[PDB]
Amino acid sequence: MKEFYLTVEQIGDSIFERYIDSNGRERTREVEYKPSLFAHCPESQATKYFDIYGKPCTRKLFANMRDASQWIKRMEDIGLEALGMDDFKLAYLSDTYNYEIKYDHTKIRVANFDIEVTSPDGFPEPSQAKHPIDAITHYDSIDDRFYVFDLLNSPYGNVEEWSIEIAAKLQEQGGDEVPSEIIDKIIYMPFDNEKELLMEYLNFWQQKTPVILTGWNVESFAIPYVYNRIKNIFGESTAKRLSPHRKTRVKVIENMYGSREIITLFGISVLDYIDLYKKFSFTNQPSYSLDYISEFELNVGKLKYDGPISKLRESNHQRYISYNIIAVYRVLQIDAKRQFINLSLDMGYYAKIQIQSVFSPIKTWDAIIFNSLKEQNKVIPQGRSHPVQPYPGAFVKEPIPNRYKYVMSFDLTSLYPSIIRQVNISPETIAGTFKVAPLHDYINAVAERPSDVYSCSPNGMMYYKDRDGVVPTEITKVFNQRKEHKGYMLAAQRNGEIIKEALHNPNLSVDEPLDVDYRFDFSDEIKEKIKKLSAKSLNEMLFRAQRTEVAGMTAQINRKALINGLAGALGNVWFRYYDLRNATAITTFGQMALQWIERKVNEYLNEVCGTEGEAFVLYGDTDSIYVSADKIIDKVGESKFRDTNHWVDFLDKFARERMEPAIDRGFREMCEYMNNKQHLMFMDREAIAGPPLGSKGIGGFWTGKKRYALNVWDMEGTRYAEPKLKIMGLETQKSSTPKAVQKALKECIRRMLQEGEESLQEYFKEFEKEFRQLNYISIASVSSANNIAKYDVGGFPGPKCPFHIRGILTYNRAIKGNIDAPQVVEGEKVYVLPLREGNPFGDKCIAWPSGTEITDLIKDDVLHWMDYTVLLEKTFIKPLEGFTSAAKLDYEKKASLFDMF
DNA sequence: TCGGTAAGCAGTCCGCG
DNA sequence: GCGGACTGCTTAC
Ligand SMILES: Cc1cn([C@H]2C[C@H](O)[C@@H](COP(=O)(O)OP(=O)(O)OP(=O)(O)O)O2)c(=O)[nH]c1=O
Ligand SMILES: [Ca+2]
Ligand SMILES: [Ca+2]
Ligand SMILES: [Ca+2]
Ligand SMILES: [Ca+2]
Ligand SMILES: [Ca+2]
Ligand SMILES: [Ca+2]
Ligand SMILES: [Ca+2]
């Protein structure tokens, strides 16, 4: 097999690399890598090296990496550009793996771990590590085993061994319900004392050294805790054994409000799963507890235990250990579903970076572009300092707030990367500038043609047309990967709908789910077999189709994110190729494209309808348009349609056979106007929306920019078994909105769009009557909580104190003098409830850590004093008033002359 | 929250005769 | 009461 790296580090004048050799073995080597950098040279000097602008460069070979770094400094002192890859480990990887890397995940040691630490005096701070580590569960992907290290004797209590037999039993048998499928994979090791536990853990770590290290909050908690605890007990040298090269560094992570410390383990790639999840999941959750996320992702119930976690080991060590094991497994289950580790390996190996660098698109693109240019003996420019400067982005049309009955939407494929490719936007393809007219003049095609030679953007920029720039070349490669995975995602989605349809008529039989590849549209044969399957088999197939859809979604949306990241990286001062000329060329072209096609679509539809100045495009945001289809439907007449699906088919056909060709013609003209390199503005139909045929549903409504709801029957070619609400921006979509309130508002919207005013009024009346019975957590608001300290004046709200911060301050007074009470953590999320006048808490609201029950110390008083009237008005009525006024509907029945009867 | 812009709503403070 | 200036937070793209 072809070799591939696992990890790489620079330590002084050495590269330390762990890798898989040609025989599939893990090896480590130390290499005295001599790096090269570049200076510009006279044209009279023969060279094969040229900078991206075609200027000749001489290669400087250094005796060692320190010399190269010192040279960079002296070049700054002189005032001359020092060209080339200054991150020498990336240059090392580029030289050592000068081919497309094919990696074998089965040879990569991926470790998932979690620790337990009993703490009687509050949160056990990892920088202090003053409490014993009393459990570690460490799963190894190569062994496929959960290694459990269990401390039996501690100053906080001596306990009996954990029982695998009790662990396996149902919770109804008094067991812990450790999943049967991992029971045979547990290797249990009890310890007489913590020193022996940790010494054996380190020996184990030496034998089975993680390449990828993950878990939940491992970077912020588990790793620094283990490191600092071992340091405290044994000294620094022993703690550094967590690194295969015995090198660690405290790294200070800074944000706007303060800083925190993590431990960098040289020769390990830490991918904390909480951070993978935050980056790659495209959710915003009210809590990031593993409990909360596991329930969301897997539909597994909360891990139940009595009393505080600080007393769990002494009261129920059996459950304590089982829950530690289950916690590690839950992350594995989340990854089996989401496949973020797979994604990270794919992207990291593609770019030729340390795997942990996938968190940074700037670093990822720096490496991709460097490797690409190096192939042509081209030389990358030096990174430079730039002041942060604001620049313009997308256009968003102001909609007329209203109901909108029939709506077809259209959206441009991968807009920003497609603009880069079409215009040929790259650092080295800049050709010059032209004199700009107001944007409106380009939109209406009255401005003079910018250039007859170069490819243009309406920001004034001109680009070469003779050859693709490196940015277009490389962005295209990742776009093509994205397109492939999106194809799989949509097939799995369509396949899912086939199965949902079949589930209307399940067969009474005992059978098996079909062995099929859900990434490809089901054949006629598979379809016929599905129609004969039991509900059991169909539901299993549906689960599998949905899992395939999720895998496709991960792979496509994050490749989309990567390529979009390149567009914005051009506007990030830390990117080697930062250039606001290029960043603005993208965004300004985007504004033009949207408003240009708005004009073209209005002109086309006024022509088909035989009208003048009528606005068919009701809304657009960045690269989408929403078209009112009422007039199209009315031209055949609602009474001609057999059912909802009939008019959906009709609009689908109209969009594909009439509108898309018109749109294409409009964009081809725009391409010629800007003299672009290649026409790549592909705007395809997205949604078909409307009320069910014969209903009083309103179909859709807008309240303003980025705030709308549509009843969708078909989305990008997926014809739904049941209509799906597409709601954007409204409170149903906001993590700050109480859970039960999101649910209620969604049902109000569903009724509005599908059933009509009377249905809405019926539901509103019921919700208003019954909502006080809702669990307090389900009706609590949610907010991130920053700068608690800033607004804290002696335990009380300072000037301009935000509402949620006031709530935290109230909580802090109510729990004062309790080291055991859960503390609100700066920067994390809280639940927030309003409090009635005259409550014992002395203020109008209270807040506590999100994803948790409020401490029993104050729970009953919170429940007693919760202000239901305020909560309802703020989170439910006010947003509903907004929806209904926009939709020109009433949520309460108005008096009429009929009431006299 | 270590890892591009546009733009909405909650809430504080305070004006608005 | 509502709206502007401002802070804070959140989502759409
Ligand atoms: C969603 C999203 C969009 N954008 C920018 C870049 C996108 O090209 C542009 C339009 O957004 P989108 O229409 O959401 O995405 P897209 O056009 O890139 O891809 P798709 O084929 O799925 O429609 O907005 C971001 O910068 N970050 C983001 O997270
Ligand atoms: Ca735990
Ligand atoms: Ca798009
Ligand atoms: Ca059937
Ligand atoms: Ca879009
Ligand atoms: Ca098309
Ligand atoms: Ca203070
Ligand atoms: Ca206001």
Side-chain angles (χ1 to χ4, degrees), chain A residues 219-220 251-262 271-272 274-276 278-280 282-284 286 288 356-364 388-398 411-412 414-416 560-575 578 580 582-584 586-588 590-591 594 619-624 702-708 726-737 781-787 790-791 797-807 825-830 832 834 844-845 873-875 878-879 882:
Chain A
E219 196 183 62
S220 62
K251 188 186 180 173
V252 182
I253 303 304
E254 301 187 332
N255 65 41
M256 206 154 60
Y257 326 100
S259 70
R260 59 188 183 91
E261 294 182 349
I262 66 171
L271 305 174
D272 191 336
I274 191 170
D275 295 323
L276 294 176
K278 287 174 175 170
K279 179 182 172 59
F280 293 137
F282 293 87
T283 61
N284 190 19
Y288 287 89
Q356 65 265 36
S357 285
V358 302
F359 284 110
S360 171
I362 287 163
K363 190 67 163 183
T364 304
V388 174
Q389 283 184 284
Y391 70 94
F395 174 80
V396 185
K397 182 185 173 67
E398 188 76 63
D411 157 83
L412 282 150
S414 285
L415 184 65
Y416 283 11
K560 165 181 171 174
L562 184 58
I563 56 177
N564 289 348
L566 182 51
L570 294 165
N572 181 305
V573 299
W574 302 108
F575 189 46
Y578 172 82
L580 291 191
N582 288 342
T584 313
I586 296 162
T587 66
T588 309
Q591 293 212 10
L594 181 54
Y619 184 65
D621 182 336
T622 307
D623 71 332
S624 70
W702 265 255
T703 75
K705 297 188 185 177
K706 294 179 193 287
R707 288 183 61 89
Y708 62 93
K726 178 187 178 55
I727 303 165
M728 314 303 316
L730 309 187
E731 280 77 2
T732 52
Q733 310 310 114
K734 295 182 78 161
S735 66
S736 44
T737 296
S781 295
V782 178
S783 185
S784 292
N786 304 298
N787 277 299
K790 184 215 267 193
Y791 292 105
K800 299 156 192 169
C801 184
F803 191 82
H804 59 293
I805 305 298
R806 177 182 294 273
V825 183
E826 167 77 18
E828 308 268 65
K829 297 185 175 193
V830 290
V832 187
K844 59 171 176 185
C845 62
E873 194 70 35
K874 274 156 49 158
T875 67
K878 203 164 162 193

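Basis for what follows: all heavy atoms, side chains included, without hydrogens, waters or symmetry-related copies. Chain naming here is simple, since letters A, B, ... match the order of the sequence lines and numbering starts at 1 in each.
The nearest heavy atom of DNA chain B to A:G827 and to A:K734 marks one nucleotide each, and the one closer to the 5' end goes with A:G827.
Nearest nucleotide to the side chain of A:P361, out of B:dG3, B:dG8, C:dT10: B:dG3. The nucleotide whose nearest atom lies closest to any side-chain atom of A:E398 is, among B:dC2, C:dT10, B:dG8, B:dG8. Counting only heavy atoms from C-beta on, A:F359 has its side chain closest to B:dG3 among B:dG3, C:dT10, C:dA12.
The shortest distance between the side-chain N/O atoms of A:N564 and the OP1/OP2 oxygens of B:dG4 is not below 4.0 Å. The side chain of A:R707 contributes no N or O atom lying less than 4.0 Å from OP1 or OP2 of B:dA7. Applying the 4.0 Å criterion to OP1 and OP2 of C:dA12, one finds that A:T622 has every side-chain N and O outside that range. The side chain of A:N572 places an N or O atom within less than 4.0 Å of a non-bridging phosphate oxygen (OP1 or OP2) of B:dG4.
The backbone N or O of A:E731 lies less than 3.5 Å from a partner atom in the side chain of A:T737, making a donor-acceptor pair. No donor-acceptor pair under 3.5 Å is formed between the side chain of A:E828 and the backbone N or O of A:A785.
Under the salt bridge (charged side-chain N to carboxylate O under 4.0 Å, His left out) criterion, A:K734 pairs with no residue at all, not counting sequence neighbours. The side-chain hydrogen bond (donor to acceptor under 3.5 Å, both in side chains) search around A:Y288 returns A:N284, not counting sequence neighbours. Residues satisfying the ring pair (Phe, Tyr, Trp, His ring centres under 6.0 Å) test with A:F395, not counting sequence neighbours, are none. A:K874 meets the salt bridge (charged side-chain N to carboxylate O under 4.0 Å, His left out) test with no other residue; sequence neighbours excluded. Taking A:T703 as the reference, A:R707 meet the side-chain hydrogen bond (donor to acceptor under 3.5 Å, both in side chains) condition, with sequence neighbours excluded. Every residue two or more places apart in sequence or in another chain was checked for a side-chain hydrogen bond (donor to acceptor under 3.5 Å, both in side chains) with A:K844, and none qualifies. Every residue was checked against the side-chain hydrogen bond (donor to acceptor under 3.5 Å, both in side chains) condition with A:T587, not counting sequence neighbours, and none meets it.
For A:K705 and B:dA6, the NZ to P distance is 10 Å, given to the nearest whole Å. Computed from coordinates, the A:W574 CH2 to B:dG3 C1' distance equals 14 Å when rounded to whole Å. One atom, CZ of A:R260, and another, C1' of B:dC2, lie 7 Å apart when rounded to the nearest Å. Whole-Å rounding puts the A:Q356 CD to B:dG3 P distance at 16 Å. With rounding to whole Å, A:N786 atom CG is found 9 Å from C:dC9 atom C1'. Regarding A:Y791, its OH atom lies at a distance of 8 Å from the P atom of C:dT7, rounded to whole Å. Between A:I563 atom CD1 and B:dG4 atom P the separation is 17 Å, expressed in whole Å. Straight-line distance from the CG atom of A:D621 to the P atom of B:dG8: 11 Å, rounded to whole Å.
When heavy atoms are screened at a 4.0 angstrom cut-off, A:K560 is found touching no nucleic acid atom at all. If you check every strand for non-hydrogen atoms under 4.0 Å, A:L570 touches nothing. Within 4.0 Å of A:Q591, counting heavy atoms only, lies no atom of the nucleic acid at all. Looking at heavy-atom distances under 4.0 Å, A:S735 makes contact with sugar-phosphate atoms alone, never a base. Nucleic acid contact for A:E254: sugar-phosphate only, since backbone atoms but no base atoms lie under 4.0 Å from a heavy atom of the residue. Note on A:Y391: only backbone sugar-phosphate atoms sit closer than 4.0 angstrom, heavy atoms only; bases stay farther off. Note on A:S784: a base of the nucleic acid sits closer than 4.0 angstrom, heavy atoms only.
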Could you run down the sub-3.5 Å N/O contacts of the protein with nucleotides 10-13 of chain B?
from   : atom 1 : to     : atom 2 : distance (Å)
B:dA10 : OP2    : A:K878 : NZ     : 3.4
B:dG11 : OP1    : A:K874 : NZ     : 2.7
B:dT12 : OP1    : A:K844 : NZ     : 2.8
B:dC13 : OP1    : A:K800 : N      : 2.8

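Note that CG of A:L570 and OH of A:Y416 are 12.0 Å apart. Values are rounded to the nearest 0.5 Å. A:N786 CG to A:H804 NE2: the interatomic distance, rounded to the nearest 0.5 Å, is 7.0 Å.
For B:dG11, the sign convention on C1'-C2'-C3'-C4' gives a south pucker, since the angle is negative.
Relative to the axis of its first five pairs, the axis of the last five pairs of the helix from B:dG4-C:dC13 to B:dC16-C:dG1 sits at 30°, rounded to 10 degrees.
For the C1' atoms, the distance from B:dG3 to C:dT7 is 25 Å, rounded to whole Å.
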